[PDB]
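Contents: one structure, followed by commentary.
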Amino acid sequence: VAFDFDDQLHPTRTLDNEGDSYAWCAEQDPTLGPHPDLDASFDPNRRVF
Amino acid sequence: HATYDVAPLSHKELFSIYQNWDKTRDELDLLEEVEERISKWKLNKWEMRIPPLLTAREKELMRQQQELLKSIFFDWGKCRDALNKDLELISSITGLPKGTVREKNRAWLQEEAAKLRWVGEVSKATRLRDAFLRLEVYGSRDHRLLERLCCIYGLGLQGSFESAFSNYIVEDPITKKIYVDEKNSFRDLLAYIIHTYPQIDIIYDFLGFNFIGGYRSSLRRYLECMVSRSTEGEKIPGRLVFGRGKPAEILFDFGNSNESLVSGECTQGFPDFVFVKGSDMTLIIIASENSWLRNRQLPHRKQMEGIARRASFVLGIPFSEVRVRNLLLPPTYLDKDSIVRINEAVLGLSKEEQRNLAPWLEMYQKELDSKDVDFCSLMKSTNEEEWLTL
Amino acid sequence: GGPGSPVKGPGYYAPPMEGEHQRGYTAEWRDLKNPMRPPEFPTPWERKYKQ
Amino acid sequence: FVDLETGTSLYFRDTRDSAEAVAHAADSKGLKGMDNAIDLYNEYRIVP
Amino acid sequence: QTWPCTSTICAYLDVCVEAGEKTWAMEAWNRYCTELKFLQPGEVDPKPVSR
Amino acid sequence: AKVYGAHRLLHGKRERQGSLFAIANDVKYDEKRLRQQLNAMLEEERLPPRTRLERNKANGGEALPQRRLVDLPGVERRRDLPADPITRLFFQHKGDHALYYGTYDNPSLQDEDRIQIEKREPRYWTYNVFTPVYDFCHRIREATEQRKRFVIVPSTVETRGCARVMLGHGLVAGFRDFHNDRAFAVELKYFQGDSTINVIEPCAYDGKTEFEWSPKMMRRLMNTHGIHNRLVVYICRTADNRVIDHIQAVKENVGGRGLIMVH
Amino acid sequence: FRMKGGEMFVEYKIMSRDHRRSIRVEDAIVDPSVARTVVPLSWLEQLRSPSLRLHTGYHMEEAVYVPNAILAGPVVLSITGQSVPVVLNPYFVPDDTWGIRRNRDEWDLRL
Amino acid sequence: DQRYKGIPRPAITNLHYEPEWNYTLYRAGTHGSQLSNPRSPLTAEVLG
Amino acid sequence: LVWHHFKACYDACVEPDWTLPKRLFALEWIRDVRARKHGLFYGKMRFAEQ
Amino acid sequence: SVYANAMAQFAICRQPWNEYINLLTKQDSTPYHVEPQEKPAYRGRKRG
Amino acid sequence: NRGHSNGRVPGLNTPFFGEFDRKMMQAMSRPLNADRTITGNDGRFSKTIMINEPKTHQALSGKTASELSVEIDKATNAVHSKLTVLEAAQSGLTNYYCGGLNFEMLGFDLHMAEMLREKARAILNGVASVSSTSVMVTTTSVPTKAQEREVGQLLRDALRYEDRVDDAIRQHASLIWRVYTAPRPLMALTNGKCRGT
Amino acid sequence: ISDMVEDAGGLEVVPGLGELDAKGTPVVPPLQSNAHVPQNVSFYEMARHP
Amino acid sequence: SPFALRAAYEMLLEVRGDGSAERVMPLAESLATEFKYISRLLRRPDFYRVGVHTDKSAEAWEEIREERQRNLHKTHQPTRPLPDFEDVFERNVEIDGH
C-alpha cells in the first residue's frame, strides 16, 4: 500500500484477451511495445504460498 | 383572525363567496390599494391566520403556504418601496407626478437628461437615468400582475385574511380628519379576480404557487380543456380523453412520472401525458427535481421505436408517418415558453383559438429560473457506464 | 464578542423561492454605485488612503 | 556554476527572436525578474 | 409583541378614556381590535376553546 | 495659491433655551450616536483584509438587477482532477458516478485491481479505540520512516481534512482524493534525506477521548516564551464541521476537537 | 518653496491628522509675521476626518475673532520641501468677511 | 419536512425583523442620576 | 548612505539631521517599536526573537 | 471528423521512437546476452 | 456483463490518446481553480501547471483563461520557482495540449445574442428609424412603451452575450500575453496538438 | 481600471466631446497633450566632476 | 469557407507588413490585428450558424440528430439552439470538378 520512489507501482489489470492493450495505443507511436504497467493477471488478492 | 367556523376555502367555495357584481373594479387600483395595505401591515398581522380546526397534516401545510405568500408579499413590498423611491426621485427631480412618470419614453428620458446636464447636475441626471431605466423594467403597473393576482388568490383561499383589510381608523389628507373605513378592498379585488379569470386556479399551479403537487393536475385539467374545446369533444373514460369525430385524437393521462420515478421499480420510460394527433405521438414528461433522476426520464430509442411500431399497428396509423417525440416540462412550474410549446407544437391550436380558450396566456410571463434552465440538458452516459451513472 | 456571545442574527429576512434571485431589487440596489461615475458629494480623500 | 559554462546562454535567451529582443516588447529579459541582474545581492538570500 | 385579547384591549381602552387622549386608543384600534366583528345572526355565540 | 482637492459656533446664534427635556433628550441622543460611531470606527480598524479585499471588488453591480445569462449545457460543472489511467494507484473516479460512491465504513466495488485498506475497530474494553485519524498519522509516520513516496491512507472527512492543511503547510508533496470511498493517496516530501514531517502525532491515542481545545490552549502553543511560533502545526476540527489548523482557529477564536499535532 | 520677488511660496498638502482627507496648495505665501495659519473655513469639514483619537473631527475648536473664525486643530500640514510634518492649529476664517478668493481660482493663503 | 413541525413561530422574532417596535420606555438618568455627569448641559442648565 | 550623509553634513559644518537613520530604516524603526511594545524590552530586536 | 478526405491523404503519422531508441547502439552491448545475477537484499536488522 | 469496473477506462476499453504517465506527476495534482480547470504540482524550485480540461479538448473557456492567466503568473512570480513546466494533463482522454477558444461556446453565446436580437425585431416597427449610424442595437427609442419595455430587455441581453464572447477572446489574448511577458522561466512542455491559441 | 478611474475622480460626463458640428468641427475642444522628449536632462551635466 | 479564405489572407498581409523583420508585426500589435479579424468575423453567421457545427464529430452529429428529431423542447423555440444538419451541410456539391 505504500510505494517507493524509483520502484514501479502496481500494473493495471487489462481486459482478459489482451489483444487490444497494444491496439489501443494505435493512436500512439506505431511501434510501442507492451506497456510495463499493464498486466493480464495482476490480482492483489493472490495469496502467495 | 383564524377564529372558529373559519376554514381554508376551495376555489368553488371562493367563487361562491366572493361574488359581487360591480364593474368599476380597476385591476391596477384595487390591487395597489390591497398591496399598500399589506405593506403597511406589521409582522403580527400574519400571526393568527391558521384556523385551529384542522388535523396536524393540514395545519403545517397551511403554515407552509402561508409563509410562502408572506415571503412573496414582502418581496413585492420591498420591490414596491424601491419602486416608490424611483418614482419619487423622478418626480422630485423633474416636477412631473409619479402618475405620468410610469409612461415616459426613452425619448423624454434623453430630452430631460440633456436638460439636467444643461444647468449642471449630471450626477442627478444619471440618478434619474438608472431610476427610470430599471423602472422601465418593473414600473409597469401590471408588472407581475398575474403572480400578484395569484398570490392574492392564495391569500383569499386561506379564509383567514378576509377581514384584515377593513375597519381601520384612517387619517385624511390635508383635511385632517379621523374616520373608520369599511372598504374591504380584498373583498372587491378578489371578487374581480374570481369573476375575470375563471381559470385562475389553474394559473395558480402553473405559476408554481402550488408547491405541494406542483401544477401536474392543473396541467391535466388544462390539457383536457384545450383538447375538448379544440376537437369537437373528447370524453372522460377514466383518464383517456379521446374523441368521437374519428381522428386518433387522444390525450392519455398515462400516469405520474415522479411517483413512478421514485417508487419501487426503476424504469426509464414514464410519460405523463401521451398526446396522439394522427401520425404524431408526443410523450409529455414533467421533469423531476433529482438532477440524478432527470437523466432517466426521456425514453430511450428502443422505447421511441417500440411505441412507434405498436401504435402503427393498433392506432392503425401507417408506419412511415409515425413520429414519436418527447416534450419535457419544467419540474416545479411552467414557463410561458413551455405553454407556448405545449399548445403550438403538441396541440393544434392557432392564436384565435387560444385567445378564445386560454385568454390569460397573454398576461402569463413566467420564464425559466436560472437554477432551472439546465433541467432539459441531461447528462449523457455511454453504454459502458450503465453501472455508474443513472 | 467572539463565538461565545449570543448570536447576532441575520440583518435581513430569510425567504423562500422568489426573494433576491433576479425577481427585482431591494433598497440596497439603487444606493450602490458603479466605480466609474463620481460620488454625489465631494470629499478630498487622500490617494494613499484611497488605495 | 559560473565555471561550468552550461546555462550562461539563458542569460541571453532573449535573443531567440532577434526582432523581439531588439523590439523590447516585454521588459522581462531577466531569468528571474525584470533584469538579468536585479538584486543579485539581496533577493537570492531569501532561501534558508 | 403580544396580542391583546378582547379583555386586554378593553382594559387599555378604559385607560385611554380616563387619560383623555384619543391617539392612545386609535392605535390599539388600528392594530388589534379591527378584525373583531359582531356576532352575525347565523354564527355560534361562544365558539369553543380550540387549541 | 491654487488649491487642488477642495458653522454653528461661528454664527454665534442665540442658543435655543431648550426645555429640560429638549436638553436631556439631545444629550442622550448625541451620546448614543457617538457610541455607535466609535463602534463603526473600531469595526473599520479591526477589519480583516480577507473581507476588505472584496468590498471594492464587488462594486461591479449594474443598477438594474439584470437577468442572469444562460450558457452552454455545462461549464459550471466541476472538472475532475487529472489522473493517468494505466500507471496509477486508483482511477480518479468521475463525479457523474456520485451515486456509485459508498462510504468509508461500507465501500462500493471499485478498483478491483487494487488492494483495499481495512478499518480499525478494536475488540474489548481493554483496548484503545483507534480511528482514521490515528491510522492516517501512523501510516504517514511509518512511510516517512521507510522513505516511501505514496501512501494509501484511510479516507474520512477529517483525514483528508488533516491532509489538505498539511499540504497547505508543506508537510506533504501532495495528496489526492480519488473519491475512492475508502482510501486516498498522500505523496510525501523529503529533504536532505530526512522526512519533512519531523514528527506527527495524534491528539489522542484513543477515539473514546475527544480533546476539545480551548482557544486559549491553542493560543499558548503559538506563544513560545514570548516568540510567536507557528512552527508546529496543530489540526483541530471546529464546531462548523471544518478542519483547520490552530492558526486559523485562533485567528477566529474558535477551538475544535483535537485531531493531530505535526511538525 | 520658491520666491518670485523674494517672498517665499511653499507647496504643501494639508491633511487631517490621520492623513485621510487632504487638500493641496500649489504655491502659497510664507509670511514670517502672522503667528498662525489662516485657512478658509470651508476645509473645517473637508479635513474633519473623525478618527478614534479625535472623537469629533478636531481636538481644539474655539470661536476666535482676529468673532470671525473658528481656531481649530491640530491639522497635519506637510510642506513639499520638508520631510518633517508640521502640525498646526490654524485659524479657520470664513470666506464672507474675508473673501479669500484673490483672483480667478487663486486663494491668498499664507503659511 | 420539520420546519413547522412542533411549535409555531414565537412572535417576538418580529422584534428583530422590526426595529421600530422595541424600545426602552423611560430615558437614561430619570431615576435620579441626571446630574451624574458633571459636565453635561443637562447638569449645567439644571444647576446653573 | 546614512554614514555618508553624516560625513557630508559634518564637512559642510552644518547640523546633521539625526532623523535620517530613522527615515532610512523606517520599516526597521517601526518594527523595533512594535517589537518592544510586544515583547517588553528596550534596545533593538535580534533575529533570535523574530 | 466528417470531411477530412482532402489533406488526410498525406497524413504525417508519428515516428517509431520506441524502435529507434531500442535499436540505438549501446555501450553495454554483448555478443551473447546473459541476465545479471541477483543483488544482496537487506534481510533484517539482525542479518544485514 | 459489466465490462470493466471503472466503466470506460482509456487504456483498456477505449483508445488511449495523449501521453503515458508512468510517474504520478498528474495524478498527485492540486486544483488551483474552483472549477478545477487547472491543477498544480510544485516541487521545491519548480512548478508544474497542468491544464485539466479534456472533456472540451483543452479548449479554454473565457473564465478558465482568466484563471490561467493568473495561475501562470502566480507561479512565475513565486520566489522558489526556477522553472514552470506548463502543460496539459490529458488523462488519456485527449491528445491536445491547449485547444483554442471554446469556439463552441463562442458560437453558443453569439447565436443566443442573435436569437434575442431577432425576438426583439420580431416586435418592433422602427429599429432603423434613426439617421446617424453610431447608434447600436439597444435604446432604439420607440413611441411605444409596451414595446420599449420589452425590446430594451432583449437588446441588453444581446449586448451581454456579445460581451461574453468579447471576453473569451480578450481573456485568451491576455493569457498568451501572460505567458509571453512572464518574468520567470515558463517551459511549456507541449505534449500534443494545440489549436489556435 | 475601475479604480484608476475612482482615484482619478470618476468619469466627468461632459456632453458632446467627440461629437462633430455641422461644419465638420467638434464641439467642446478636445484635450491637448503637452508632452515631448526632454532636451536638457542628461544626468551627466548634473552629477559632474567636483 | 471562401470569405474566410480571403479574410485570412489579408490577415497575413496585415500581420506581415512589408515582410521585413523591422515591420513584421510584434506580438502586441500582431494580436491586436488578430483580435480585430476574428472579432469582425465572428459577427458573421458564416461561422456561428454554419461554421461552428462543422467540427462536431461524426458521432456528435448523430447525438444531435436524435435529439433534434425526437425532443420537442430542443426544437420548438428551444432554451438553447440546436443546429440542423442540413442547414450546416449540403450534400453532393460540385465545384469545377470536385
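Neighbour counts are summed over all protein chains in view; Cβ atoms, including those assigned to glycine, are modelled from backbone coordinates with ideal geometry. Every read-out reported here was derived from the displayed coordinates using simple, explicitly stated rules and does not represent laboratory data.
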Exercise. Helix I:2-12: angle to the longest alpha-carbon principal axis of chain I, degrees 0 to 90, nearest 10?
Worked result: 30 degrees
Exercise. For chain M, what percent of Cα pairs sit more than 15 Å apart?
Worked result: 72 percent
For this session: Stick to Cα atoms and the Kirkwood definition of Rh, then tell me Rg/Rh for chain I.
Result: 1.14
For this session: Find the centroid of the Cα atoms in the stretch B:342-362 and in the stretch K:97-143, then give the distance between the two in whole Å.
Result: 29 Å
Exercise. What share of all Cα pairs of the stretch B:176-256, in percent, falls into each consecutive 10 Å distance bin?
Worked result: 15, 31, 26, 14, 7, 4, 2, 0
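Taking the number of other C-beta atoms within 10 Å as the exposure measure, put F:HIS93, F:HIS7, L:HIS49, K:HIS4 in order starting with the fewest.
Numbers: F:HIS93 23, F:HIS7 15, L:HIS49 4, K:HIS4 19.
The order, fewest Cβ neighbours first, is L:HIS49, F:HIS7, K:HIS4, F:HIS93.
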For this session: Determine the distance separating the Cα centre of the stretch F:47-111 from the Cα centre of the stretch G:47-99; give it in Å without decimals.
Result: 56 Å
Exercise. Among all the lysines, which ones have a C-alpha under 24 Å from F:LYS119's C-alpha, if same-chain residues fewer than 8 places away are not counted?
Worked result: F:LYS148, F:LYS208
Exercise. So for chain B: antiparallel DSSP bridges make up what percent, rounded to the nearest 5?
Worked result: 70 percent
For this session: Give the Debye-formula value of log10 I(q)/I(0) at each listed q (0.04, 0.07 Å⁻¹), with one equal scatterer per alpha carbon of the protein assembly as shown, two decimals each.
Result: -0.37, -1.21
For this session: Given the options K:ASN125, K:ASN95, K:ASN41, state which has the largest fluctuation in a GNM of chain K using a 10 Å cut-off (strictly under) for Cα springs.
Result: K:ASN125
For this session: Among DSSP beta bridges lying fully in the stretch B:268-390, give the percent that are antiparallel, nearest 5.
Result: 35 percent
Exercise. Given R₀ = 25 Å, FRET efficiency for B:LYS98-B:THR24 by Cβ-Cβ distance, to 0.05?
Worked result: 0.65
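Given the convex hull of the Cα atoms of chain B, what is a quarter of its surface area in nm²?
Numbers: hull surface 109.1 nm².
Taking the Cα atoms of chain B, their convex hull projects to 27.3 nm² on average.
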Seminar exercise, completed: For the stretch B:6-78 the translational diffusion coefficient, Stokes-Einstein from a Kirkwood Rh over Cα pairs at 37 °C and viscosity 0.692 mPa s, in µm²/s, is roughly 226 µm²/s
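Rounded to the nearest 0.05, what FRET efficiency do I:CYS9 and C:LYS50 give with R0 = 41 Å and r taken as the Cβ-Cβ distance? Could you check?
Values: r = 37 Å, r/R0 = 0.90.
With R0 = 41 Å, the Cβ-Cβ based efficiency is 0.65.
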Problem set entry | 0 to 90° range, to nearest 10: angle between helix B:185-196 axis and chain B longest Cα axis | 30 degrees
Seminar exercise, completed: Taking max minus min of the Cα coordinates of chain H on each principal axis, largest first, gives extents in Å of 67, 16, 13
Problem set entry | Inter-part distance where the stretch M:6-58 and chain D are each reduced to a Cα centre, Å | 33 Å
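Just to be sure I understand: if I project the alpha-carbon convex hull of the stretch F:67-161 onto a plane and average over all orientations, what area do I get in nm²?
Details: hull surface 41.7 nm².
Taking the Cα atoms of the stretch F:67-161, their convex hull projects to 10.4 nm² on average.
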Seminar exercise, completed: Across B:374-380, the residue-averaged tally of Cβ atoms belonging to other chains within 10 Å stands at 5
For this session: Would you list, by chain and number, the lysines whose Cα falls below 21 Å from the Cα of B:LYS176, excluding same-chain residues fewer than 8 positions away?
Result: B:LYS40, E:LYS22
Problem set entry | Cα-based Rg / Dmax (Å) for chain C | 17.9, 44
For this session: Would you mind ranking B:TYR4, B:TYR215, F:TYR127 so that the residue whose beta carbon has the fewest other beta carbons within 10 Å leads the list?
Result: F:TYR127, B:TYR4, B:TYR215
For this session: From other protein chains only, count the Cβ atoms within 10 Å of every residue's Cβ in K:157-170, then give the mean.
Result: 2
For this session: Considering only B:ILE317, B:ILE194, B:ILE284, give the residue with the highest GNM mean-square fluctuation for chain B, with springs between Cα atoms whenever their separation is below 10 Å.
Result: B:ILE317
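What percent antiparallel are the DSSP beta bridges of the protein assembly as shown, to the nearest 5? Walk me through the intermediate numbers first.
Values: 76 of 101 bridges.
In the protein assembly as shown, approximately 75 percent of DSSP beta bridges are antiparallel ones.
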Seminar exercise, completed: Counting other chain Cβ atoms within 10 Å of each Cβ in G:67-75 and taking the mean gives 1
Exercise. Hey, what D do you get for the stretch K:54-144 in µm²/s if you plug the Kirkwood alpha-carbon radius into Stokes-Einstein at 37 °C and 0.692 mPa s?
Worked result: 189 µm²/s
Seminar exercise, completed: Packing-ranked peptide list from K:183-190, F:223-230, F:130-137, F:19-26, highest mean Cβ count within 10 angstrom first, is F:130-137, K:183-190, F:19-26, F:223-230
Exercise. Which value results for Rg/Rh of chain A when Rg is the Cα radius of gyration and Rh the Kirkwood radius based on the inverse mean 1/r?
Worked result: 1.05
Problem set entry | chain L - Rg (one decimal) and Dmax (whole number), Cα, Å | 20.4, 64
For this session: Give the Rg (one decimal place) followed by the Dmax (whole number) of the stretch B:242-341, computed from C-alpha coordinates and expressed in Å.
Result: 14.2, 43
Exercise. Extent of the stretch F:154-263 along each principal axis, from alpha carbon coordinates, in Å, largest to smallest?
Worked result: 39, 35, 25
Problem set entry | Candidate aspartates and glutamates for bridging to G:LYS13, where Cα separation is under 13 Å - those fewer than 8 sequence places away on the same chain excluded | C:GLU46, G:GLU26, G:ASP27
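Reported to two decimal places, what Rg/Rh ratio describes chain G when computed on Cα atoms with Rh from the Kirkwood expression? Display every interim value, and only then the final one.
Working: Rg = 13.7 Å, Rh = 14.4 Å.
Rounded to two decimals, Rg/Rh equals 0.95.
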Problem set entry | Cα principal axis extents for chain K, largest first, Å | 70, 54, 25
Problem set entry | Packing-based exposure ordering (other Cβ within 10 Å, fewest first) of B:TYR197, B:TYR204, J:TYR3 | J:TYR3, B:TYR197, B:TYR204
For this session: Report the convex hull volume per residue for chain F, counting only C-alpha atoms, in Å³.
Result: 374 Å³
Seminar exercise, completed: Within the set B:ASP188, B:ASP26, B:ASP142, GNM on chain B using Cα springs under 10 Å gives the largest fluctuation to B:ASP26
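In deg cm²/dmol, rounded to 500, what helix-only [θ] at 222 nm does the protein assembly as shown give when every DSSP H run of at least 4 residues adds -39500 (n - 2.57) and the total is split over its residues?
Details: 38 runs with 436 residues, N = 1454.
Taken over the protein assembly as shown, the calculation gives -9000 deg cm²/dmol.
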Exercise. Per residue Cα convex hull volume for the stretch F:1-136, in cubic angstrom?
Worked result: 485 Å³
